[PDB]
Every structure is written in structure tokens, then in C-alpha cells.
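Colleague: I am attaching a structure below and will ask some questions about it afterwards.
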Amino acid sequence: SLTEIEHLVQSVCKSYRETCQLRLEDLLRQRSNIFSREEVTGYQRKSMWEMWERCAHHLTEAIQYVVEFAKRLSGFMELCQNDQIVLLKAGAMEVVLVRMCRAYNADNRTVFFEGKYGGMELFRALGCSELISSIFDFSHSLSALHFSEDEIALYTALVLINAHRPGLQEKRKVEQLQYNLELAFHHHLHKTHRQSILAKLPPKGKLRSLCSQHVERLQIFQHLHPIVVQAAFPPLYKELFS
Ligand SMILES: O=C(O)c1ccc(OCc2c(-c3c(Cl)cccc3C(F)(F)F)noc2-c2ccc[nH]2)cc1
């Protein structure tokens with residue numbers, strides 16, 4: 001069924017298009033729109049907890065778009081609810097991290113944050129310079145691949161649909177989805193003469209370790225200074241918040 005796989009490609013790309021928050025053309029246009037030194041200093045003088053509140057809410061929104069992305073993946077809703085949650089808890093923040101590279105400019109090492117581009121010194125008040133530097137470096141690595149929009153869509157679908165996640169109840173069912181998405185991805189790379197990115201993608205442990213350091217920091221901030229979340233996915237919220 002060649003058209004089944006082509007239909008999967010089109011359905012993954014559409015779900016991605018509907019949930020990607022900002023258009024790539026917008027991010028690229030805005031690359032010349034850079035925070036002044038005066039604006040940077042304004043961010044640096046903000047309280048750690050106000051920066052935390054801002055960043056925690058951007059990350060919450062980013063997670064919720066990734067959840068909607070997964071819910072629109074063919075067959076995701078047909079998994080048992082325990083499995084949907086296992087997959088989202090393990091991979092939705094990894095997808096957020098991958099998606100960030102779209103908003104990263106490697107020429108000057110800046111990210112699109114709250115309407116303009118700025119460097120990692122924008123986040124000085126958070127006092128997490130090691131984590132921030134790891135996120136920038138990871139985004140720097142990915143930007144070298146010059147990911148197309150469909151590659152990011154297909155790759156991030158696979159970040160989520162991983163039948164090796166511990167705790168899955170219907171592993172065979174997740175495997176079926178995973179095989180079709182892998183075929184979708186590899187077919188698409190072949191059609192576009194882009195199979196060379198396959199050897200350049202992040203080692204799986206790199207993404208896993210960055211996200212576990214990232215989420216652990218968010219849990220520390222959330223314990224010290226909890227933000228209020230507009231919970232759209234009760235079974236998922238319940239696993240992350242306590
Ligand atoms: O709308 C909903 O129901 C909903 C449900 C779950 C949900 O989790 C968000 C989340 C967080 C996080 C964030 Cl982003 C901000 C502040 C504190 C945390 C904290 F660390 F405390 F959890 N970290 O990892 C995640 C995560 C989710 C899935 C994988 N990982 C956000 C929204």
C-alpha cells in the first residue's frame with residue numbers, strides 16, 4: 001500500500017502544520033529583529049521567579065501543542081490511554097526541545113523569544129547557565145542539519161511513537177504505528193535525496209539526557225514556585241504535577 005504510507009506522510013505533516021505555533025517563514029523573517037542591549041538588560045534584571053513564570057508558561061503551551069500533535073497522529077488515539085500517557089510523558093518534552101531548533105539562529109547564536117531574537121544571556125536571571133548552554137548547544141547541532149518542516153514532523157512523530165518506552169501495556173500496537181512512521185520517514189528522505197541526515201541525527205541518549213536534566217530543573221522550580229497550569233489533558237497533568 002504505497003498510498004497508505006503517502007497518506008501517513010501527508011497526515012503527519014498536516015498535524016504538525018496545525019500545531020507548530022510559529023511559521024518557519026515568520027521565524028526566518030524575524031532573524032534581523034534582535035533585542036537591543038537595553039532590552040537584554042531589562043530581562044536580566046527581572047526576578048528569577050518572573051523569568052521562571054514566563055518560561056514555564058511558554059513551555060506549558062509548547063507541551064500542549066505537542067500533545068495535540070500526537071492526538072492527530074493516525075492511530076495514536078486508538079492506543080489505550082495508559083500507553084498514550086506513557087508515550088507523552090516520555091517524549092513530549094523531547095519533541096519541544098527538537099522543535100526549538102526552528103527558532104534558533106546559528107549565525108549569531110540567538111533564539112526567538114517573546115517576539116525577538118536574543119542570546120543565552122537573556123536568561124541570566126534564571127541562574128541555570130549550564131542547562132541553558134546545553135539547550136543552545138543542542139539547538140546548534142540540529143540547526144546544522146537544516147531540517148525541513150516535513151523532516152521535523154516525521155522525526156518528532158518518531159520521537160513520540162517509540163515502542164521501547166518502559167511501561168507500555170500494548171507494545172505490539174505501538175510497534176505497528178512505529179513501523180509505519182519509520183517507513184513513512186525513510187520513504188520521504190529517499191524521495192527528497194536527504195537520507196544523509198540519518199547518520200547526522202542526535203544519538204538517542206543525547207536527547208534523553210538533555211530532556212531529563214531539563215525536566216528535573218523545571219520540577220525544582222515548580223516545587224519552589226509553582227505556576228498555575230491551564231490543564232487541557234487531565235490524565236497527563238496528573239502524571240506531571242503533584
Ligand atoms: O495541559 C495539560 O494538561 C498539561 C499536562 C502536563 C504538562 O506537563 C508539562 C511538563 C513540565 C513542566 C512545565 Cl512544561 C512547566 C512547569 C512545570 C513542569 C513540571 F515539571 F512541573 F511538570 N515538565 O515536563 C512536562 C511534560 C509533559 C509531558 C512530558 N513532559 C503540561 C500541560
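Identifiers in this document derive from the order of the C-alpha cells: chains are assigned A, B, ..., residues are numbered from 1 separately in each chain, and ligands are numbered from 1 in order of occurrence.
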Give me, as a Markdown table, the closest atom pair and its distance (Å, one decimal) for every residue of chain A within a cut-off of 6 Å of ligand 1, counting only C-alpha atoms and all ligand atoms, rows sorted by chain and rising number.

Modeller:
```
| residue | atom | partner | partner_atom_place_in_ligand_line | distance |
| --- | --- | --- | --- | --- |
| A:56 | CA | ligand 1 | 15 (C) | 4.2 |
| A:59 | CA | ligand 1 | 14 (Cl) | 4.3 |
| A:60 | CA | ligand 1 | 14 (Cl) | 3.9 |
| A:63 | CA | ligand 1 | 31 (C) | 5.8 |
| A:64 | CA | ligand 1 | 1 (O) | 5.4 |
| A:88 | CA | ligand 1 | 28 (C) | 5.3 |
| A:89 | CA | ligand 1 | 29 (C) | 3.8 |
| A:90 | CA | ligand 1 | 29 (C) | 5.9 |
| A:92 | CA | ligand 1 | 29 (C) | 4.6 |
| A:93 | CA | ligand 1 | 30 (N) | 4.7 |
| A:215 | CA | ligand 1 | 23 (N) | 5.0 |
| A:218 | CA | ligand 1 | 20 (F) | 4.5 |
| A:219 | CA | ligand 1 | 20 (F) | 4.0 |
| A:222 | CA | ligand 1 | 21 (F) | 5.1 |
| A:230 | CA | ligand 1 | 1 (O) | 5.8 |
| A:231 | CA | ligand 1 | 3 (O) | 3.6 |
| A:232 | CA | ligand 1 | 1 (O) | 3.8 |
| A:233 | CA | ligand 1 | 3 (O) | 3.4 |
| A:234 | CA | ligand 1 | 3 (O) | 5.1 |
| A:236 | CA | ligand 1 | 5 (C) | 4.8 |
| A:237 | CA | ligand 1 | 5 (C) | 3.4 |
| A:240 | CA | ligand 1 | 22 (F) | 4.4 |
| A:241 | CA | ligand 1 | 22 (F) | 5.5 |
```

Colleague: Could the residues in this selection be saved with N, CA, C and O atoms as an mmCIF file, in the first residue's frame?

Modeller:
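Output saved as result_39.cif:
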```cif
data_model
loop_
_atom_site.group_PDB
_atom_site.id
_atom_site.type_symbol
_atom_site.label_atom_id
_atom_site.label_comp_id
_atom_site.auth_asym_id
_atom_site.auth_seq_id
_atom_site.Cartn_x
_atom_site.Cartn_y
_atom_site.Cartn_z
ATOM 1 N N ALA A 56 8.108 28.964 32.162
ATOM 2 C CA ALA A 56 7.239 27.822 32.444
ATOM 3 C C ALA A 56 5.942 27.897 31.645
ATOM 4 O O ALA A 56 5.417 26.869 31.211
ATOM 5 N N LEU A 59 6.734 26.958 28.017
ATOM 6 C CA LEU A 59 6.988 25.522 27.898
ATOM 7 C C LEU A 59 5.701 24.719 28.043
ATOM 8 O O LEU A 59 5.513 23.702 27.367
ATOM 9 N N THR A 60 4.786 25.178 28.897
ATOM 10 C CA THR A 60 3.499 24.505 29.036
ATOM 11 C C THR A 60 2.713 24.556 27.733
ATOM 12 O O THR A 60 2.192 23.537 27.259
ATOM 13 N N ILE A 63 4.291 22.237 25.238
ATOM 14 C CA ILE A 63 3.907 20.852 25.517
ATOM 15 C C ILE A 63 2.500 20.578 25.011
ATOM 16 O O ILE A 63 2.240 19.530 24.403
ATOM 17 N N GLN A 64 1.574 21.518 25.239
ATOM 18 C CA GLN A 64 0.179 21.262 24.893
ATOM 19 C C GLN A 64 0.000 21.168 23.379
ATOM 20 O O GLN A 64 -0.813 20.372 22.897
ATOM 21 N N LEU A 88 3.530 10.172 25.920
ATOM 22 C CA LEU A 88 3.621 11.631 26.037
ATOM 23 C C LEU A 88 4.553 12.034 27.172
ATOM 24 O O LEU A 88 5.396 12.934 27.014
ATOM 25 N N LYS A 89 4.442 11.358 28.317
ATOM 26 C CA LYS A 89 5.315 11.682 29.436
ATOM 27 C C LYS A 89 6.774 11.490 29.053
ATOM 28 O O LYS A 89 7.632 12.326 29.378
ATOM 29 N N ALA A 90 7.076 10.414 28.328
ATOM 30 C CA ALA A 90 8.468 10.171 27.982
ATOM 31 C C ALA A 90 8.948 11.061 26.838
ATOM 32 O O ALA A 90 10.119 11.435 26.820
ATOM 33 N N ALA A 92 7.123 14.000 24.993
ATOM 34 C CA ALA A 92 6.605 15.295 24.555
ATOM 35 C C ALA A 92 7.603 16.416 24.820
ATOM 36 O O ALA A 92 7.734 17.344 24.009
ATOM 37 N N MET A 93 8.326 16.359 25.942
ATOM 38 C CA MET A 93 9.321 17.409 26.160
ATOM 39 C C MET A 93 10.522 17.225 25.243
ATOM 40 O O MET A 93 11.184 18.213 24.880
ATOM 41 N N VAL A 215 13.840 18.615 32.460
ATOM 42 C CA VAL A 215 12.615 18.406 33.221
ATOM 43 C C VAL A 215 12.905 18.411 34.717
ATOM 44 O O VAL A 215 12.097 18.894 35.518
ATOM 45 N N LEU A 218 12.905 21.965 35.778
ATOM 46 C CA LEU A 218 11.550 22.504 35.854
ATOM 47 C C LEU A 218 10.821 21.993 37.094
ATOM 48 O O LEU A 218 10.037 22.724 37.707
ATOM 49 N N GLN A 219 11.035 20.734 37.458
ATOM 50 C CA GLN A 219 10.385 20.213 38.657
ATOM 51 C C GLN A 219 10.900 20.920 39.910
ATOM 52 O O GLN A 219 10.133 21.173 40.842
ATOM 53 N N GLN A 222 9.267 24.266 39.894
ATOM 54 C CA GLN A 222 7.836 24.148 40.150
ATOM 55 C C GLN A 222 7.568 23.848 41.620
ATOM 56 O O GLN A 222 6.572 24.316 42.176
ATOM 57 N N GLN A 230 -3.168 25.817 32.881
ATOM 58 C CA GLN A 230 -4.461 25.583 32.233
ATOM 59 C C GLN A 230 -4.441 24.166 31.692
ATOM 60 O O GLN A 230 -3.991 23.929 30.574
ATOM 61 N N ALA A 231 -4.926 23.218 32.501
ATOM 62 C CA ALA A 231 -4.752 21.791 32.247
ATOM 63 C C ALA A 231 -5.725 21.342 31.166
ATOM 64 O O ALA A 231 -6.934 21.299 31.385
ATOM 65 N N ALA A 232 -5.211 21.006 29.999
ATOM 66 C CA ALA A 232 -6.083 20.542 28.934
ATOM 67 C C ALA A 232 -6.166 19.026 28.867
ATOM 68 O O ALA A 232 -7.072 18.512 28.208
ATOM 69 N N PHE A 233 -5.267 18.303 29.550
ATOM 70 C CA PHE A 233 -5.161 16.845 29.433
ATOM 71 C C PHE A 233 -5.044 16.213 30.810
ATOM 72 O O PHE A 233 -3.945 15.845 31.258
ATOM 73 N N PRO A 234 -6.163 16.064 31.511
ATOM 74 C CA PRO A 234 -6.133 15.666 32.924
ATOM 75 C C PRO A 234 -5.275 14.433 33.190
ATOM 76 O O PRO A 234 -4.453 14.464 34.115
ATOM 77 N N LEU A 236 -2.705 13.398 31.753
ATOM 78 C CA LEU A 236 -1.299 13.742 31.609
ATOM 79 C C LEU A 236 -0.851 14.711 32.703
ATOM 80 O O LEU A 236 0.192 14.508 33.339
ATOM 81 N N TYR A 237 -1.628 15.775 32.922
ATOM 82 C CA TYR A 237 -1.336 16.707 34.006
ATOM 83 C C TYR A 237 -1.111 15.958 35.311
ATOM 84 O O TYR A 237 -0.151 16.225 36.036
ATOM 85 N N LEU A 240 2.372 14.662 35.849
ATOM 86 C CA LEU A 240 3.481 15.602 35.916
ATOM 87 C C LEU A 240 3.427 16.511 37.135
ATOM 88 O O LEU A 240 4.462 17.059 37.515
ATOM 89 N N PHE A 241 2.258 16.688 37.740
ATOM 90 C CA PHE A 241 2.049 17.675 38.785
ATOM 91 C C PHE A 241 1.500 16.985 40.028
ATOM 92 O O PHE A 241 0.772 15.990 39.945
#
```

Colleague: Residues at most 6 Å from segment 99-113 of chain A, counting only C-alpha atoms, excluding those fewer than 4 positions away in the same chain, as a ChimeraX atom specification?

Modeller: /A:117-119,139-140,143

Colleague: Find the residues around residue 84 of chain A up to 10 Å (only C-alpha atoms counted), leave out those fewer than 5 positions away in its own chain, and share them as a PyMOL selection string.

Modeller: chain A and resi 67+70-71+76-79+89+160-161+168+174+235-236

Colleague: As an exercise, work out the distance from atom CA of residue 227 of chain A to atom CA of residue 72 of chain A in Å and give it to one decimal place.

Modeller: 27.7 Å

Colleague: Please determine, counting only C-alpha atoms, which residue among A:114, A:94, A:83, A:130 has the shortest atom-to-atom distance to residue 207 of chain A.

Modeller: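 With only C-alpha atoms as the atom set, the closest residue is A:94.
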
Colleague: Would you please extract all helix (DSSP H, G or I) residues from segment 112-215 of chain A, as assigned by DSSP on the backbone, and give them as JSON, numbers by chain?

Modeller: {"A": [120, 121, 122, 123, 124, 125, 126, 129, 130, 131, 132, 133, 134, 135, 136, 137, 138, 139, 140, 141, 142, 143, 149, 150, 151, 152, 153, 154, 155, 156, 157, 158, 159, 160, 171, 172, 173, 174, 175, 176, 177, 178, 179, 180, 181, 182, 183, 184, 185, 186, 187, 188, 189, 190, 191, 195, 196, 197, 204, 205, 206, 207, 208, 209, 210, 211, 212, 213, 214, 215]}

Colleague: Create the file for the chosen residues now, containing C-alpha atoms and written as a compact mmCIF listing (two decimals), in the first residue's frame.

Modeller:
```
# COMPACT_ATOMS: atom_id res chain seq x y z
CA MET A 120 21.54 32.97 26.14
CA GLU A 121 22.48 35.96 28.29
CA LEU A 122 18.78 36.87 28.04
CA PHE A 123 18.13 34.14 30.61
CA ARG A 124 20.80 35.15 33.16
CA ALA A 125 18.27 35.70 35.97
CA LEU A 126 17.20 32.04 35.92
CA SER A 129 23.54 28.79 32.78
CA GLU A 130 24.69 25.17 32.38
CA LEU A 131 21.25 23.94 31.27
CA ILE A 132 20.68 26.98 29.05
CA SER A 133 24.04 26.41 27.37
CA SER A 134 23.18 22.73 26.79
CA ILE A 135 19.88 23.69 25.16
CA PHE A 136 21.59 26.25 22.90
CA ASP A 137 24.32 23.72 22.00
CA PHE A 138 21.75 21.04 21.18
CA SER A 139 19.83 23.52 19.04
CA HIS A 140 23.13 24.47 17.41
CA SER A 141 23.78 20.83 16.47
CA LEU A 142 20.33 20.35 14.95
CA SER A 143 20.39 23.62 13.00
CA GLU A 149 9.50 21.16 8.04
CA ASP A 150 8.47 17.64 6.94
CA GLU A 151 11.65 16.08 8.37
CA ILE A 152 10.96 17.69 11.75
CA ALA A 153 7.34 16.50 11.57
CA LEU A 154 8.28 12.94 10.70
CA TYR A 155 11.26 12.80 13.06
CA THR A 156 9.30 14.21 16.02
CA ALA A 157 6.44 11.77 15.37
CA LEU A 158 9.05 9.02 15.84
CA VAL A 159 10.43 10.66 18.98
CA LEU A 160 6.97 10.13 20.42
CA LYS A 171 3.59 -2.92 22.98
CA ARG A 172 2.69 -4.71 19.72
CA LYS A 173 0.16 -1.95 18.96
CA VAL A 174 2.73 0.82 19.42
CA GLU A 175 5.20 -1.21 17.32
CA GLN A 176 2.76 -1.22 14.38
CA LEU A 177 2.43 2.57 14.45
CA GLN A 178 6.18 2.94 14.85
CA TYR A 179 6.96 0.71 11.83
CA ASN A 180 4.61 2.68 9.58
CA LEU A 181 6.07 6.03 10.68
CA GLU A 182 9.64 4.78 10.20
CA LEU A 183 8.74 3.65 6.69
CA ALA A 184 7.00 7.00 6.09
CA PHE A 185 10.12 8.85 7.23
CA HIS A 186 12.61 6.75 5.25
CA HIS A 187 10.46 6.81 2.12
CA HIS A 188 10.27 10.59 2.38
CA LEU A 189 14.02 11.02 2.89
CA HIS A 190 14.63 8.80 -0.15
CA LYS A 191 12.21 10.79 -2.34
CA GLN A 195 18.96 10.13 3.54
CA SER A 196 22.31 11.69 4.56
CA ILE A 197 20.69 13.28 7.63
CA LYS A 204 19.11 8.81 21.29
CA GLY A 205 20.84 9.14 24.66
CA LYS A 206 21.74 12.77 23.93
CA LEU A 207 18.10 13.81 23.58
CA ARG A 208 17.07 11.65 26.55
CA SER A 209 19.72 13.09 28.88
CA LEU A 210 19.14 16.70 27.87
CA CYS A 211 15.40 16.34 28.45
CA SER A 212 15.85 14.62 31.81
CA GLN A 213 18.19 17.39 33.00
CA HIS A 214 15.70 19.96 31.63
CA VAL A 215 12.61 18.41 33.22
```

Colleague: Tell me which of A:170, A:18, A:39, A:26 sits closest to residue 73 of chain A, counting only C-alpha atoms.

Modeller: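 Counting only C-alpha atoms, the residue closest to residue 73 of chain A is A:18.
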
Colleague: Can you tell me how far atom CA of residue 49 of chain A sits from atom CA of residue 22 of chain A, in Å to one decimal?

Modeller: 26.0 Å

Colleague: Report as a list in words: the residues of segment 32-166 of chain A with a DSSP assignment of strand (DSSP E), based on the backbone of this structure.

Modeller: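 So, restricting segment 32-166 of chain A to strand (DSSP E), we get residues 104, 105, 110, 111, 112, 113, 116, 117 and 118 of chain A.
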
Colleague: Deliver the residues from the most recent selection as a file, using N, CA, C and O atoms, as an mmCIF file, in the first residue's frame.

Modeller:
```cif
data_model
loop_
_atom_site.group_PDB
_atom_site.id
_atom_site.type_symbol
_atom_site.label_atom_id
_atom_site.label_comp_id
_atom_site.auth_asym_id
_atom_site.auth_seq_id
_atom_site.Cartn_x
_atom_site.Cartn_y
_atom_site.Cartn_z
ATOM 1 N N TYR A 104 16.064 28.846 16.357
ATOM 2 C CA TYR A 104 17.448 29.116 16.704
ATOM 3 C C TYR A 104 18.183 29.628 15.469
ATOM 4 O O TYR A 104 18.059 29.049 14.389
ATOM 5 N N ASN A 105 18.945 30.705 15.632
ATOM 6 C CA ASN A 105 19.789 31.256 14.571
ATOM 7 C C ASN A 105 21.253 30.964 14.887
ATOM 8 O O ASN A 105 21.849 31.616 15.754
ATOM 9 N N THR A 110 21.396 32.908 18.617
ATOM 10 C CA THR A 110 20.242 33.509 19.277
ATOM 11 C C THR A 110 18.994 32.672 19.025
ATOM 12 O O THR A 110 18.921 31.911 18.055
ATOM 13 N N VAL A 111 18.001 32.843 19.906
ATOM 14 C CA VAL A 111 16.716 32.153 19.832
ATOM 15 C C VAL A 111 15.596 33.191 19.775
ATOM 16 O O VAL A 111 15.689 34.265 20.372
ATOM 17 N N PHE A 112 14.520 32.851 19.070
ATOM 18 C CA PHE A 112 13.334 33.701 19.022
ATOM 19 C C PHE A 112 12.564 33.522 20.330
ATOM 20 O O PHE A 112 11.944 32.481 20.564
ATOM 21 N N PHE A 113 12.590 34.542 21.177
ATOM 22 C CA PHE A 113 11.950 34.504 22.488
ATOM 23 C C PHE A 113 11.111 35.761 22.663
ATOM 24 O O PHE A 113 11.653 36.867 22.641
ATOM 25 N N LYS A 116 11.378 38.644 19.711
ATOM 26 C CA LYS A 116 12.644 38.992 19.075
ATOM 27 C C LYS A 116 13.654 37.896 19.362
ATOM 28 O O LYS A 116 13.415 37.000 20.176
ATOM 29 N N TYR A 117 14.799 37.988 18.682
ATOM 30 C CA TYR A 117 15.907 37.066 18.877
ATOM 31 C C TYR A 117 16.855 37.587 19.948
ATOM 32 O O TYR A 117 17.155 38.780 19.993
ATOM 33 N N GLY A 118 17.338 36.684 20.799
ATOM 34 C CA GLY A 118 18.363 37.045 21.758
ATOM 35 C C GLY A 118 19.235 35.861 22.117
ATOM 36 O O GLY A 118 18.868 34.698 21.901
#
```
